[PDB]
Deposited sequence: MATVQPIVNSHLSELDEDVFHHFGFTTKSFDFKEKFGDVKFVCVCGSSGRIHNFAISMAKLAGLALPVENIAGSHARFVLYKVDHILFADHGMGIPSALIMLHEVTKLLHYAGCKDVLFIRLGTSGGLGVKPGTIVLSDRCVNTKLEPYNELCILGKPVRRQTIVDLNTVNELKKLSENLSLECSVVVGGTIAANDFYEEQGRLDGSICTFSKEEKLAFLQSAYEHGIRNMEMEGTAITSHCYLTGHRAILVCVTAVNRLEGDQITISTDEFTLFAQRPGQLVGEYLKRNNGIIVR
């Protein structure tokens, strides 16, 4: 743990717009055992409302975050909900402030579940990929950080037990569900091998060779936060999984599916997860 936190009289959660004096953290958050997150405030809120319906809470699902917060925060029974924007650095802001919240509240062994969207590798659009490993662009199982100007690597650890549980649950439940490797990229375009960005320094042939070699090593999708979430949670004593839908066969680059078809796909991770939460005391 970070003993420097003892130096504070009050901790300001800058991006959630509240402080440790805003509530009794033990009282308000102490019962939390799950944290559902995704890059969209709308989507994660939508998932929270669905979970409140499943659990029988009728009162609206309201934002806990303060006025000028960057992130939203919801609570349904023993489940916390938050967004985290796009990319590893945004996700780390969420991760730091949420895990401090959990610690202050005395929450232990919490499960973080990322309900994201991604680009697939050799799988049809609509496919849910349960990550068996989050890996960087060089296919290395680490989150890279540069702390105080010095390079740090942090091993990526997926909750394989929960992942296998999810796979088994999926076998008993409108799409394909695949366990495979997941690429985490700091770019939506060039580093993910897209030819249709504003800047491109490689040919199609060079793109494909990069993608197949990734595929051959078992990669099934590509997104932008995985290495951050599955490395951080483990390091802070919690568990994490990625359950991501794919929006394209990286056959091409463009996301050509309609907005509504996309909305449909992006809810598929929530569908599987909601049942898993339902069967494992996420809700009363």
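Coordinate coverage of the deposited sequence is interrupted at 1-7, 181-182, 260, 295-296, where no C-alpha atom was modelled.
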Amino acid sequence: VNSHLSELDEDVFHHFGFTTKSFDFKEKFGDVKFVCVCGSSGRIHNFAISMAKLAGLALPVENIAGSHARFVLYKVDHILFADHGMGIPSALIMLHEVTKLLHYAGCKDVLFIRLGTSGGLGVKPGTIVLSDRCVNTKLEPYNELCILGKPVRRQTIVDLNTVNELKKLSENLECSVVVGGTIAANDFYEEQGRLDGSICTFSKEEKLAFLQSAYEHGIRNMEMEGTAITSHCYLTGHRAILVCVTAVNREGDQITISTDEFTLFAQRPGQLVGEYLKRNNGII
From here on, numbers count along this sequence of modelled residues.
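We call the rigid core the largest set of C-alpha positions that still match within 1.5 Å between the two forms.
Core-fitted comparison in 4 other deposited structures of this protein shows that, between 61-69 and 39-47, the CA atoms farther from the shown form belong to 61-69. Note on 197-205 vs 71-79: mean CA B-factor is higher in 197-205. Comparing 94-102 with 188-196, the stretch with the higher mean C-alpha B-factor in the PDB entry is 188-196.
For the set 221, 236, 63, 46, the maximum C-alpha B-factor listed in the entry falls on 221. As recorded in the entry, 169 carries the highest CA temperature factor of 148, 152, 169, 110. In the PDB entry, residue 86 places in the lowest third of its chain by CA B-factor. When the modelled residues of the chain are ordered by C-alpha B-factor, residue 30 sits in the lowest third. Among the modelled residues of its chain, residue 41 has a C-alpha B-factor that falls in the lowest third according to the deposited record. The entry lists a Cα temperature factor for residue 23 that places it in the lowest third of the chain's modelled residues. Per the deposited record, the Cα B-factor of residue 262 falls in the middle third when ranked against the other modelled residues of its chain.
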